[PDB]
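Coordinates from model34.pdb are shown below (PDB, C-alpha atoms and all ligand atoms).
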```pdb
ATOM      1  CA  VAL J   3     -87.725  47.052-133.781  1.00  0.00           C
ATOM      2  CA  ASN J   4     -89.304  49.792-135.912  1.00  0.00           C
ATOM      3  CA  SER J   5     -91.990  50.068-138.591  1.00  0.00           C
ATOM      4  CA  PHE J   6     -89.748  50.629-141.633  1.00  0.00           C
ATOM      5  CA  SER J   7     -90.383  47.868-144.172  1.00  0.00           C
ATOM      6  CA  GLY J   8     -88.685  46.569-147.296  1.00  0.00           C
ATOM      7  CA  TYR J   9     -85.248  48.164-146.856  1.00  0.00           C
ATOM      8  CA  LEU J  10     -81.970  46.631-147.976  1.00  0.00           C
ATOM      9  CA  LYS J  11     -79.399  46.624-145.171  1.00  0.00           C
ATOM     10  CA  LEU J  12     -76.094  48.154-146.282  1.00  0.00           C
ATOM     11  CA  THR J  13     -74.290  48.287-142.899  1.00  0.00           C
ATOM     12  CA  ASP J  14     -75.119  47.890-139.214  1.00  0.00           C
ATOM     13  CA  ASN J  15     -77.094  51.167-139.236  1.00  0.00           C
ATOM     14  CA  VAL J  16     -77.581  52.278-142.898  1.00  0.00           C
ATOM     15  CA  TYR J  17     -80.571  50.967-144.879  1.00  0.00           C
ATOM     16  CA  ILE J  18     -81.807  51.873-148.372  1.00  0.00           C
ATOM     17  CA  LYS J  19     -84.999  51.538-150.432  1.00  0.00           C
ATOM     18  CA  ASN J  20     -86.516  52.640-153.740  1.00  0.00           C
ATOM     19  CA  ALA J  21     -89.354  54.826-152.485  1.00  0.00           C
ATOM     20  CA  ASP J  22     -90.992  58.246-152.614  1.00  0.00           C
ATOM     21  CA  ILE J  23     -89.984  59.897-149.335  1.00  0.00           C
ATOM     22  CA  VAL J  24     -93.326  61.730-149.250  1.00  0.00           C
ATOM     23  CA  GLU J  25     -95.310  58.495-149.419  1.00  0.00           C
ATOM     24  CA  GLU J  26     -92.892  56.767-147.038  1.00  0.00           C
ATOM     25  CA  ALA J  27     -93.240  59.491-144.399  1.00  0.00           C
ATOM     26  CA  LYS J  28     -97.045  59.461-144.554  1.00  0.00           C
ATOM     27  CA  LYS J  29     -97.045  55.682-144.078  1.00  0.00           C
ATOM     28  CA  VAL J  30     -94.463  55.416-141.301  1.00  0.00           C
ATOM     29  CA  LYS J  31     -94.934  58.799-139.578  1.00  0.00           C
ATOM     30  CA  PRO J  32     -91.323  58.635-138.355  1.00  0.00           C
ATOM     31  CA  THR J  33     -89.990  60.616-135.438  1.00  0.00           C
ATOM     32  CA  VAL J  34     -87.682  62.474-137.856  1.00  0.00           C
ATOM     33  CA  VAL J  35     -87.909  63.051-141.606  1.00  0.00           C
ATOM     34  CA  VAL J  36     -84.947  64.801-143.221  1.00  0.00           C
ATOM     35  CA  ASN J  37     -85.575  67.573-145.736  1.00  0.00           C
ATOM     36  CA  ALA J  38     -83.078  68.411-148.493  1.00  0.00           C
ATOM     37  CA  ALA J  39     -83.094  72.082-147.496  1.00  0.00           C
ATOM     38  CA  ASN J  40     -81.386  75.263-148.642  1.00  0.00           C
ATOM     39  CA  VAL J  41     -80.141  77.999-146.316  1.00  0.00           C
ATOM     40  CA  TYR J  42     -83.272  80.127-146.874  1.00  0.00           C
ATOM     41  CA  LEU J  43     -85.665  77.193-146.296  1.00  0.00           C
ATOM     42  CA  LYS J  44     -87.294  78.014-149.653  1.00  0.00           C
ATOM     43  CA  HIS J  45     -88.835  74.657-150.486  1.00  0.00           C
ATOM     44  CA  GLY J  46     -89.389  75.180-154.191  1.00  0.00           C
ATOM     45  CA  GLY J  47     -88.399  71.921-155.860  1.00  0.00           C
ATOM     46  CA  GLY J  48     -86.698  68.592-155.462  1.00  0.00           C
ATOM     47  CA  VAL J  49     -87.327  66.729-152.222  1.00  0.00           C
ATOM     48  CA  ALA J  50     -88.089  69.972-150.361  1.00  0.00           C
ATOM     49  CA  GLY J  51     -90.765  71.037-152.832  1.00  0.00           C
ATOM     50  CA  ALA J  52     -92.398  67.610-152.592  1.00  0.00           C
ATOM     51  CA  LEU J  53     -92.376  67.494-148.778  1.00  0.00           C
ATOM     52  CA  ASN J  54     -93.712  71.032-148.567  1.00  0.00           C
ATOM     53  CA  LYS J  55     -96.506  70.342-151.077  1.00  0.00           C
ATOM     54  CA  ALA J  56     -97.551  67.336-148.976  1.00  0.00           C
ATOM     55  CA  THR J  57     -97.941  69.692-145.964  1.00  0.00           C
ATOM     56  CA  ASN J  58    -100.236  72.020-147.953  1.00  0.00           C
ATOM     57  CA  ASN J  59     -97.513  74.748-147.677  1.00  0.00           C
ATOM     58  CA  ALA J  60     -97.514  74.670-143.849  1.00  0.00           C
ATOM     59  CA  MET J  61     -93.817  73.735-143.927  1.00  0.00           C
ATOM     60  CA  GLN J  62     -93.058  76.874-145.961  1.00  0.00           C
ATOM     61  CA  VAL J  63     -95.110  79.130-143.657  1.00  0.00           C
ATOM     62  CA  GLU J  64     -93.278  77.784-140.593  1.00  0.00           C
ATOM     63  CA  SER J  65     -89.933  78.071-142.386  1.00  0.00           C
ATOM     64  CA  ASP J  66     -90.497  81.710-143.365  1.00  0.00           C
ATOM     65  CA  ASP J  67     -91.080  82.582-139.705  1.00  0.00           C
ATOM     66  CA  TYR J  68     -87.935  80.668-138.734  1.00  0.00           C
ATOM     67  CA  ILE J  69     -85.808  82.623-141.240  1.00  0.00           C
ATOM     68  CA  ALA J  70     -87.352  85.957-140.258  1.00  0.00           C
ATOM     69  CA  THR J  71     -86.290  85.277-136.655  1.00  0.00           C
ATOM     70  CA  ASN J  72     -82.953  83.493-137.109  1.00  0.00           C
ATOM     71  CA  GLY J  73     -81.597  84.279-140.574  1.00  0.00           C
ATOM     72  CA  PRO J  74     -80.307  81.706-143.053  1.00  0.00           C
ATOM     73  CA  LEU J  75     -78.775  78.383-142.154  1.00  0.00           C
ATOM     74  CA  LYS J  76     -75.152  77.528-142.937  1.00  0.00           C
ATOM     75  CA  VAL J  77     -74.264  75.154-145.757  1.00  0.00           C
ATOM     76  CA  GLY J  78     -73.620  71.943-143.824  1.00  0.00           C
ATOM     77  CA  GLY J  79     -76.010  73.038-141.070  1.00  0.00           C
ATOM     78  CA  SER J  80     -79.518  72.153-139.980  1.00  0.00           C
ATOM     79  CA  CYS J  81     -82.514  73.081-137.896  1.00  0.00           C
ATOM     80  CA  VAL J  82     -85.324  71.060-136.319  1.00  0.00           C
ATOM     81  CA  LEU J  83     -88.859  72.188-137.189  1.00  0.00           C
ATOM     82  CA  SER J  84     -92.264  70.527-137.167  1.00  0.00           C
ATOM     83  CA  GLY J  85     -92.900  67.419-139.223  1.00  0.00           C
ATOM     84  CA  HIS J  86     -96.501  68.574-139.805  1.00  0.00           C
ATOM     85  CA  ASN J  87     -98.628  65.677-141.132  1.00  0.00           C
ATOM     86  CA  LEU J  88     -95.548  63.696-142.234  1.00  0.00           C
ATOM     87  CA  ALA J  89     -93.472  63.070-139.083  1.00  0.00           C
ATOM     88  CA  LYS J  90     -93.074  64.344-135.551  1.00  0.00           C
ATOM     89  CA  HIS J  91     -90.106  66.518-136.569  1.00  0.00           C
ATOM     90  CA  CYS J  92     -88.454  67.623-139.786  1.00  0.00           C
ATOM     91  CA  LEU J  93     -84.665  67.965-139.699  1.00  0.00           C
ATOM     92  CA  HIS J  94     -83.895  70.510-142.434  1.00  0.00           C
ATOM     93  CA  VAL J  95     -80.310  69.761-143.540  1.00  0.00           C
ATOM     94  CA  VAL J  96     -78.367  71.852-146.062  1.00  0.00           C
ATOM     95  CA  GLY J  97     -76.021  69.831-148.222  1.00  0.00           C
ATOM     96  CA  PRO J  98     -73.841  71.681-150.723  1.00  0.00           C
ATOM     97  CA  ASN J  99     -75.505  72.476-154.051  1.00  0.00           C
ATOM     98  CA  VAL J 100     -72.912  71.807-156.761  1.00  0.00           C
ATOM     99  CA  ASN J 101     -74.991  73.835-159.210  1.00  0.00           C
ATOM    100  CA  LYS J 102     -74.186  76.827-156.953  1.00  0.00           C
ATOM    101  CA  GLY J 103     -70.454  76.079-156.727  1.00  0.00           C
ATOM    102  CA  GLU J 104     -70.607  75.001-153.082  1.00  0.00           C
ATOM    103  CA  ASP J 105     -67.784  72.924-151.621  1.00  0.00           C
ATOM    104  CA  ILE J 106     -68.607  69.217-151.823  1.00  0.00           C
ATOM    105  CA  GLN J 107     -66.447  68.675-148.718  1.00  0.00           C
ATOM    106  CA  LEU J 108     -69.317  70.161-146.677  1.00  0.00           C
ATOM    107  CA  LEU J 109     -71.374  67.028-147.396  1.00  0.00           C
ATOM    108  CA  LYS J 110     -69.753  65.249-144.441  1.00  0.00           C
ATOM    109  CA  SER J 111     -70.656  68.147-142.136  1.00  0.00           C
ATOM    110  CA  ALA J 112     -74.240  67.967-143.436  1.00  0.00           C
ATOM    111  CA  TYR J 113     -74.525  64.246-142.632  1.00  0.00           C
ATOM    112  CA  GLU J 114     -73.072  64.807-139.132  1.00  0.00           C
ATOM    113  CA  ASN J 115     -76.384  66.472-138.226  1.00  0.00           C
ATOM    114  CA  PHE J 116     -78.040  63.048-138.486  1.00  0.00           C
ATOM    115  CA  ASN J 117     -76.034  61.798-135.475  1.00  0.00           C
ATOM    116  CA  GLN J 118     -78.150  63.971-133.154  1.00  0.00           C
ATOM    117  CA  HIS J 119     -81.161  61.692-133.836  1.00  0.00           C
ATOM    118  CA  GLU J 120     -81.417  57.996-133.017  1.00  0.00           C
ATOM    119  CA  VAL J 121     -83.515  57.075-136.094  1.00  0.00           C
ATOM    120  CA  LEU J 122     -84.254  59.056-139.272  1.00  0.00           C
ATOM    121  CA  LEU J 123     -85.949  58.759-142.647  1.00  0.00           C
ATOM    122  CA  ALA J 124     -83.897  60.657-145.199  1.00  0.00           C
ATOM    123  CA  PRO J 125     -82.950  61.243-148.832  1.00  0.00           C
ATOM    124  CA  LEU J 126     -79.369  61.242-150.083  1.00  0.00           C
ATOM    125  CA  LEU J 127     -77.928  64.686-149.362  1.00  0.00           C
ATOM    126  CA  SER J 128     -76.822  66.813-152.319  1.00  0.00           C
ATOM    127  CA  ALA J 129     -78.364  64.321-154.771  1.00  0.00           C
ATOM    128  CA  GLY J 130     -81.039  65.244-157.289  1.00  0.00           C
ATOM    129  CA  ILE J 131     -81.103  68.939-158.180  1.00  0.00           C
ATOM    130  CA  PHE J 132     -78.235  69.688-155.778  1.00  0.00           C
ATOM    131  CA  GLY J 133     -76.051  68.094-158.462  1.00  0.00           C
ATOM    132  CA  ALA J 134     -73.686  65.834-156.517  1.00  0.00           C
ATOM    133  CA  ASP J 135     -72.785  62.243-157.337  1.00  0.00           C
ATOM    134  CA  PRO J 136     -75.313  60.059-155.451  1.00  0.00           C
ATOM    135  CA  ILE J 137     -72.828  57.180-155.191  1.00  0.00           C
ATOM    136  CA  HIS J 138     -70.541  59.624-153.392  1.00  0.00           C
ATOM    137  CA  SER J 139     -73.394  60.852-151.192  1.00  0.00           C
ATOM    138  CA  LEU J 140     -74.032  57.259-150.129  1.00  0.00           C
ATOM    139  CA  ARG J 141     -70.336  56.666-149.394  1.00  0.00           C
ATOM    140  CA  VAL J 142     -70.312  59.749-147.163  1.00  0.00           C
ATOM    141  CA  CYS J 143     -73.563  58.797-145.430  1.00  0.00           C
ATOM    142  CA  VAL J 144     -72.297  55.315-144.558  1.00  0.00           C
ATOM    143  CA  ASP J 145     -68.930  56.666-143.374  1.00  0.00           C
ATOM    144  CA  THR J 146     -70.418  59.537-141.305  1.00  0.00           C
ATOM    145  CA  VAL J 147     -73.813  58.607-139.870  1.00  0.00           C
ATOM    146  CA  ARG J 148     -73.689  56.315-136.834  1.00  0.00           C
ATOM    147  CA  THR J 149     -77.374  56.468-135.905  1.00  0.00           C
ATOM    148  CA  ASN J 150     -80.036  54.423-137.707  1.00  0.00           C
ATOM    149  CA  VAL J 151     -80.830  55.920-141.113  1.00  0.00           C
ATOM    150  CA  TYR J 152     -83.478  54.735-143.579  1.00  0.00           C
ATOM    151  CA  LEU J 153     -82.570  56.181-146.987  1.00  0.00           C
ATOM    152  CA  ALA J 154     -85.317  56.692-149.574  1.00  0.00           C
ATOM    153  CA  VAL J 155     -84.299  56.838-153.243  1.00  0.00           C
ATOM    154  CA  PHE J 156     -87.037  58.023-155.599  1.00  0.00           C
ATOM    155  CA  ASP J 157     -85.507  56.894-158.903  1.00  0.00           C
ATOM    156  CA  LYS J 158     -85.640  53.099-159.298  1.00  0.00           C
ATOM    157  CA  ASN J 159     -82.828  53.036-161.857  1.00  0.00           C
ATOM    158  CA  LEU J 160     -80.616  55.063-159.515  1.00  0.00           C
ATOM    159  CA  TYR J 161     -81.632  52.832-156.608  1.00  0.00           C
ATOM    160  CA  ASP J 162     -80.440  49.711-158.452  1.00  0.00           C
ATOM    161  CA  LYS J 163     -77.122  51.338-159.382  1.00  0.00           C
ATOM    162  CA  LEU J 164     -76.617  52.454-155.772  1.00  0.00           C
ATOM    163  CA  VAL J 165     -77.006  48.878-154.523  1.00  0.00           C
ATOM    164  CA  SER J 166     -74.950  47.125-157.206  1.00  0.00           C
ATOM    165  CA  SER J 167     -72.042  49.562-156.887  1.00  0.00           C
ATOM    166  CA  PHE J 168     -72.074  49.671-153.092  1.00  0.00           C
ATOM    167  CA  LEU J 169     -68.813  48.533-151.545  1.00  0.00           C
TER     168      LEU J 169
HETATM  169  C1  LIG J 201     -83.434  60.257-156.326  1.00  0.00           C
HETATM  170  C2  LIG J 201     -82.970  60.405-154.889  1.00  0.00           C
HETATM  171  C3  LIG J 201     -83.103  61.864-154.349  1.00  0.00           C
HETATM  172  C4  LIG J 201     -82.198  62.792-155.161  1.00  0.00           C
HETATM  173  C5  LIG J 201     -82.553  61.965-152.877  1.00  0.00           C
HETATM  174  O1  LIG J 201     -82.789  60.751-152.182  1.00  0.00           O
HETATM  175  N1  LIG J 201     -84.490  62.403-154.480  1.00  0.00           N
HETATM  176  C6  LIG J 201     -85.594  61.947-153.797  1.00  0.00           C
HETATM  177  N2  LIG J 201     -85.452  60.879-152.934  1.00  0.00           N
HETATM  178  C7  LIG J 201     -86.566  60.473-152.280  1.00  0.00           C
HETATM  179  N3  LIG J 201     -87.795  60.956-152.345  1.00  0.00           N
HETATM  180  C8  LIG J 201     -87.914  62.006-153.204  1.00  0.00           C
HETATM  181  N4  LIG J 201     -89.091  62.697-153.464  1.00  0.00           N
HETATM  182  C9  LIG J 201     -88.785  63.710-154.397  1.00  0.00           C
HETATM  183  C10 LIG J 201     -87.438  63.643-154.715  1.00  0.00           C
HETATM  184  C11 LIG J 201     -86.870  62.559-153.966  1.00  0.00           C
HETATM  185 CL    CL J 202     -84.111  66.120-156.367  1.00  0.00          CL
END
```
Just give me the structure of the file as C-alpha cells.
Ligand SMILES: CC[C@](C)(CO)Nc1ncnc2[nH]ccc12
Ligand SMILES: [Cl-]
Amino acid sequence: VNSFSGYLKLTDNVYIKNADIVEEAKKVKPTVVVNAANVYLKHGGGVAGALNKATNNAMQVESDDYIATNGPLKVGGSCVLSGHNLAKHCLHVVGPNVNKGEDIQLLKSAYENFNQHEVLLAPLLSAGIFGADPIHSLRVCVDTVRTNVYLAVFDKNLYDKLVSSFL
C-alpha cells in the first residue's frame, strides 16, 4: 500500500492520472520522481522547467555541478540526483527529443531506467515538447516498465484520450 490516490489502473503495475507532476510530488513526496531531462540537465521548459522552478533553482545548481564533473548523459540514459523539496530522489531520464531528430527507438531504453526503482512518480517520456506521440510513449511504458509506475498527465484532454485509446 502506498499514498498515491485517484489513479486509473492500466495494468498490474502501470497507473495513470490527470495531474500536475509538480503538485503531485509535493503532496506525495515519493521516493522517486522522474524528470523529463536532457543530456545537459538544462531544465529550461516542459516538465523539467516546472520541477526545477518548484525547487527554487536548486535542481539546476545541483545539475550543473553533476555535468561539470561527469559530462552529459546519453540519450536513453539517466542519473539519480536529489529530489530536493519534491521527493527523496529525482531520476533524471533522457528520452529522445523528436524535435532534435533523435531516434524514437531509444524510448524503450529510456523507460528501462525505471526498472531500477521499485516505485516511481513519472511523466510520459518524450511527450510534450520532446515531440513524440504520447499514445506511443504509453505503449512503450506499459511494455517496458515492470516496477510500479504512477504516470502523471498534465493535459486533461490528452489524459482522456490516453485512457480511451488504451489497449
Ligand atoms: C502532458 C503530459 C506531459 C507531456 C508528460 O507527462 N507533461 C507533463 N506531465 C505532467 N506534469 C507536467 N508538468 C509540466 C508538464 C507536465
Ligand atoms: Cl512538456
Notebook entry, point to check: For this file, the PyMOL selection byres (((chain J and resi 109-111) around 12) and not hetatm) selects which residues, as a ChimeraX atom specification?
Noted result: /J:38,76-80,95-100,104-108,112-117,126-129,132,134-136,138-147
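Candidate residues J:15, J:159, J:166, J:37 were compared for distance to ligand CL 202 (chain J), and the nearest is J:37, using only C-alpha atoms and all ligand atoms.
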Once you count all atoms listed in the file, which residues end up within 6 Å of ligand LIG 201 (chain J), and could you hand them over as a VMD selection string?
chain J and resid 22 to 23 48 to 49 52 125 to 126 129 to 130 154 to 157
Quiz item: Evaluating the PyMOL selection byres (((chain J and resi 36) around 6) and not hetatm) on the displayed file yields which residues, as a PyMOL selection string?
Solution: chain J and resi 35+37+92-94+124
Export of the given selection (C-alpha atoms) as a PDB file, in the coordinates of the input:
```pdb
ATOM      1  CA  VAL J  35     -87.909  63.051-141.606  1.00  0.00           C
ATOM      2  CA  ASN J  37     -85.575  67.573-145.736  1.00  0.00           C
ATOM      3  CA  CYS J  92     -88.454  67.623-139.786  1.00  0.00           C
ATOM      4  CA  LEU J  93     -84.665  67.965-139.699  1.00  0.00           C
ATOM      5  CA  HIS J  94     -83.895  70.510-142.434  1.00  0.00           C
ATOM      6  CA  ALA J 124     -83.897  60.657-145.199  1.00  0.00           C
TER       7      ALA J 124
END
```
Practice problem: For residue 47 (chain J), list every protein, DNA or RNA residue within 10 Å, evaluated using only C-alpha atoms, and leave out those in the same chain fewer than 6 positions away; present the list as a list in words. | Solution: residues 38, 39, 53, 54, 55 and 131 of chain J
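Among the candidate residues J:10, J:123, J:137, J:60, the one lying nearest to residue 164 (chain J) is J:137, with distances computed using only C-alpha atoms.
Between CA of residue 66 (chain J) and CA of residue 21 (chain J) there is a distance of 28.4 Å.
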Counting only C-alpha atoms, closest pick from J:150, J:33, J:84, J:4 relative to residue 62 (chain J) is J:84
Where is the centre and how long are the edges: axis-aligned box on region 27-41 of chain J, 6 Å on each side, Å to one decimal, as AutoDock Vina command-line options:
```
--center_x -88.6 --center_y 66.7 --center_z -142.0 --size_x 28.9 --size_y 34.6 --size_z 25.2
```
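Of the listed residues (J:69, J:152, J:63, J:28), J:69 comes nearest to residue 42 (chain J); the distances count only C-alpha atoms.
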